[PDB]
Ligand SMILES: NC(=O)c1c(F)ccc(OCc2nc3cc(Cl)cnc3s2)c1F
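Consider the single chain below, provided in structure tokens and representing the form solved without this ligand.
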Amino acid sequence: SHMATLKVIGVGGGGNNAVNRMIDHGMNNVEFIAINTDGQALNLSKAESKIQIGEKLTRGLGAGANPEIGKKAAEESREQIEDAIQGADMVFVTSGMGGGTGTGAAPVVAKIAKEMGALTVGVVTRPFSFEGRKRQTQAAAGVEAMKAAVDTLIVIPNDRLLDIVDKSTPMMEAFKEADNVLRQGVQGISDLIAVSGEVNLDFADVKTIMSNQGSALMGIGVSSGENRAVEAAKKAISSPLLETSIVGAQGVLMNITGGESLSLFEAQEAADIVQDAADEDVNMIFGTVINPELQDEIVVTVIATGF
């Protein structure tokens, strides 16, 4: 009764890319769905479920950077999108904003998922500044449309990738770092749903922290040794890639996983790190999992909303 069905939906080129790379990484008990106008992109997708939208509009090509085409394509394929989502308790929609299919279709996909009762999370990118103003303006319109259609939204400005690379870092490695935001969020929620805790949080706690909230932060931190709880908590909340930082969070789900050495003192330390960084009076849903396979490692999972 506890095993909520999670689906990750990539919409458009960048979304499809993220799905392919997450499948390559390995991720079980999550169903992947690839949605695109671009038939050739879908032919290369590794997702078990593929939905080609807008064939009568685009003749099987991509949207050619036109959000109107992405929106029309998704609206006309509503039933096929519904069929793929059916059964979902939680849907993550990922897309690169600024082109046509992601910008236009991802908000339609999210609205369909929300009206099917799924807890609906968007994780989307904004374009690099070097792509120019029209891409950014189109992306802004997509982001606003996404915000209206999801329960929670995580935006990754691609310009932040320029903050974490050196002059040689392969573009594909930078893209994998952006992928981690979505992948680790999904994994942390999957683990929370599946693993019974000593202070047990479940999918109903996820729904409470995320339903109808707007901006969100999802983070995981892992540390060991001295100060592990503080360091893990800091890692969970500190991503350089996020538009929405922890500052201003008024609601937090925090789950700590450790071995039998997990101390009460360090749990409070981790909670205090999150509360202080939010710089608000935070309402916390606190959970603890004891994994005796763990020795000195501690894992802190954070979901923050209420901005």
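C-alpha atoms forming the largest set that superposes within 1.5 Å between two forms make up the rigid core. Quick note: we count residues from 1 along the sequence shown, nothing fancier.
K.L.:
Quick one: with the core lined up, is it 241-249 or 257-265 that wanders further in 7 other deposited structures of this protein, going by C-alpha RMS?
P.N.:
Looking at 257-265 and 241-249 in 7 other deposited structures of this protein, the bigger mover is 257-265.
K.L.:
Do the Cα atoms of 210-218 stray more than those of 142-150 in 7 other deposited structures of this protein, or is it the other way round, with the core held fixed?
P.N.:
Comparing 142-150 with 210-218, the one that moves more in 7 other deposited structures of this protein is 210-218.
K.L.:
Looking at the entry, does 203-211 or 78-86 show the higher mean C-alpha B-factor?
P.N.:
Mean B over CA atoms: larger for 78-86.
K.L.:
Which is higher on mean Cα B factor in this entry, 298-306 or 2-10?
P.N.:
Higher mean C-alpha B-factor in the PDB entry: 2-10.
K.L.:
Highest Cα temperature factor in the entry, among the options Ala267, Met254, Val282, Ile35: which one is it?
P.N.:
Highest C-alpha B-factor among the listed residues goes to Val282.
K.L.:
Among the candidates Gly98, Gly197, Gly104, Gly225, give the one with the maximum CA B-factor reported in the record.
P.N.:
Top of the list by C-alpha B-factor: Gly225.
K.L.:
Can you tell me which third, lowest, middle or highest, the CA B-factor of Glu173 falls into for its chain?
P.N.:
Middle third, going by the recorded CA B-factors of the chain.
K.L.:
Lowest, middle or highest third: where is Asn16 by C-alpha B factor in its chain?
P.N.:
Ranked within chain, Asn16 CA B lands in the lowest tercile.
K.L.:
Of the three thirds of its chain by CA temperature factor, lowest, middle or highest, which one includes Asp166?
P.N.:
As the PDB entry reports it, the C-alpha B-factor of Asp166 lands in the lowest third of its chain.
K.L.:
What third of its chain's C-alpha B-factors does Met27 belong to: lowest, middle or highest?
P.N.:
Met27: CA B-factor falls in the highest third of its chain.
K.L.:
Among the modelled residues of this chain, does the Cα B factor of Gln184 put it in the lowest, middle or highest third?
P.N.:
Answer is middle: the recorded C-alpha B-factor places it there.
The next section is about a form of this same protein that is not shown, the form deposited with this ligand bound.
K.L.:
Determine which one of 189-197, 110-118, 225-233, 80-88 lies within 4.5 Å of this ligand in the deposited bound form, judging by heavy atom distances; exactly one does.
P.N.:
Of the options given, it is 189-197.
K.L.:
At 4.5 Å between heavy atoms, is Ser239 in contact with this ligand in the deposited bound form?
P.N.:
Answer no; every heavy atom of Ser239 is more than 4.5 Å from this ligand in the deposited bound form.
K.L.:
Taking this ligand as it sits in the deposited bound form, is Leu201 near enough to touch it, meaning that at least one heavy atom pair lies within 4.5 angstroms?
P.N.:
Close contact exists here: in the deposited bound form, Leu201 approaches this ligand to within 4.5 Å, heavy atoms only.
K.L.:
If you check in the deposited bound form, is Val155 within 4.5 Å of this ligand, heavy atoms only?
P.N.:
Outside the cut-off, so no.
K.L.:
Under a 4.5 Å heavy atom criterion, is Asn20 part of the interface with this ligand in the deposited bound form?
P.N.:
Output for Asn20 is no: heavy atoms all beyond 4.5 Å of this ligand.
K.L.:
So which residues in 200-225, when you check this ligand in the deposited bound form, have a heavy atom no farther than 4.5 Å from it?
P.N.:
Read in sequence order, the residues that approach this ligand (within 4.5 Å, in the deposited bound form) are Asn200, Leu201, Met218, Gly219, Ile220.
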